[PDB]
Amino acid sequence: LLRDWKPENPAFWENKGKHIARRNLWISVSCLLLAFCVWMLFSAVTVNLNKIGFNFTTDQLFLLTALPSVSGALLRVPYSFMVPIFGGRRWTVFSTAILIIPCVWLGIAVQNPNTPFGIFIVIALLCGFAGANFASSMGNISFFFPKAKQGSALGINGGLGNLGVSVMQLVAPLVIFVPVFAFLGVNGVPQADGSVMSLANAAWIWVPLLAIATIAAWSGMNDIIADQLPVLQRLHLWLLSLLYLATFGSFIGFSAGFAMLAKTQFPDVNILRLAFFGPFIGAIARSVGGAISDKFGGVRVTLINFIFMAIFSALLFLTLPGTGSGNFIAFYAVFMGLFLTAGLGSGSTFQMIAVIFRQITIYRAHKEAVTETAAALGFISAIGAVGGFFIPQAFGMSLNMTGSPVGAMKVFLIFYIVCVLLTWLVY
């Protein structure tokens, strides 16, 4: 417990503040990165699941990758309010050890080729629990940095927690072709050209790394509905929460979907070998986009951006085999552009919402607008994660009813266009 914590005063900070804050920042970043690794796990397990003994339909796999985001987008609003109670250490220790549950469990189901779809539901859920660790890891570290250094630190904290998608989607398809836990009896299943596939690996790998990050959480970290429900009801928390759906939502959605979509249209290719550039270029462009959202205009960048997500989305139609050039590289490039503008906008829309909530709602109110803005950020991120349920669920429900991704893709055009015209009109 840190009694007497006043970090604003340059003296206290420079002498014995910034070192506490920095340590807490690095522990916080490792736990967030792993939480994202676990959160988006299914995105690279499902592409392999039917290769291992299972017989799951396409709509089922897409439902699996889209399912976690339903549990994460709903638990962020409680997780944020959970930190000023147990402390951002005991609630990092706890909120990080309970991921061992779905990791060790998912390592178990994947071995049994007779296990029911119903079990992978509750594992998709419990896996989705580690997407609420963003809200709590973002609430917790703010106290550690001066009211005028919370820009850089939050940027590093969230901005690296993101990277965990990109990391997991690269560690996981690389480790399965190595019998690391064969001494424990982990099933491996042979495939063309010597490929032996132990697919519990991609799930049991994180049990050690999550342990270490739990102990360091217990060792190195320090414990230091009222106005929120007000801030919510204003009818401009909604047309804004929508734009962060089309940006951040479509970094999550495409993160869960892209591996699998690129499996159905192009079975002859090996996507796990290169599905990760997406989420990586995504995080980088995101935190790059945050920096130019206030250095070249807020609304401007979001606009010119959505124009590019709409043009990319329409461009997607000309690559799918059958309804256009059945070429993979073009499909890929267009998806990279999709991730790029998704992250770029994902930032451009956040600093925008900021300078429209500590601005338009700072005139009615100089330290009380900070509250409303904050609450609006919590909401918008939480209702920003339920876009990672939608996109792969629409690829699912399009491949199910029609066999094609076209039925969902058109909805994506319509969405990006309406979004463009709504950035146009109001803001």
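Start at 1 and count along the sequence shown; that's the residue number.
Colleague: Checking chain continuity here. Are there deposited residues lacking coordinates between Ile156 and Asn157, and if so is it 1 to 3, 4 to 9, or 10 or more (or none)?
Modeller: According to the record, the chain runs unbroken from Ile156 to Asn157.
Colleague: Mind giving me a quick count class for deposited residues absent from the model between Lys51 and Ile52? Options are none, 1 to 3, 4 to 9, 10 or more.
Modeller: Gap between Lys51 and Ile52: none.
Colleague: Please compare 225-233 with 139-147 and say which has the higher mean C-alpha temperature factor in the record.
Modeller: The recorded data point to 225-233.
Colleague: Highest mean C-alpha temperature factor of the two stretches 105-113 and 235-243, which is it?
Modeller: Per the deposited B-factors, the answer is 235-243.
Colleague: Among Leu41, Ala374, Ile391, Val47, where is the Cα B factor highest in this entry?
Modeller: That would be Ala374, according to the entry.
Colleague: Of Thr264, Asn201, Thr302, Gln169, which one's C-alpha B factor is largest in the deposited record?
Modeller: Going by the entry's C-alpha B-factors, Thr302 comes out highest.
Colleague: Quick check for you: using the entry's CA B-factors within this chain, is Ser381 in the lowest, middle or highest third?
Modeller: CA B-factor rank for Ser381: middle third.
Colleague: Compare the C-alpha B factor of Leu63 with those of the other modelled residues in its chain, then answer lowest, middle or highest third.
Modeller: Tercile = lowest for this residue's CA B-factor.
Colleague: Could you say whether, by C-alpha temperature factor, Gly17 belongs to the lowest, middle or highest third of its chain?
Modeller: It falls in the middle third of the chain.
Colleague: Relative to the other modelled residues of the same chain, rank the CA B-factor of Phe251 and answer lowest, middle or highest third.
Modeller: Lowest third of the chain for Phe251's C-alpha B-factor.
Colleague: Just say lowest, middle or highest third for the CA B-factor of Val70 relative to the other modelled residues in its chain.
Modeller: Middle third by C-alpha B-factor.
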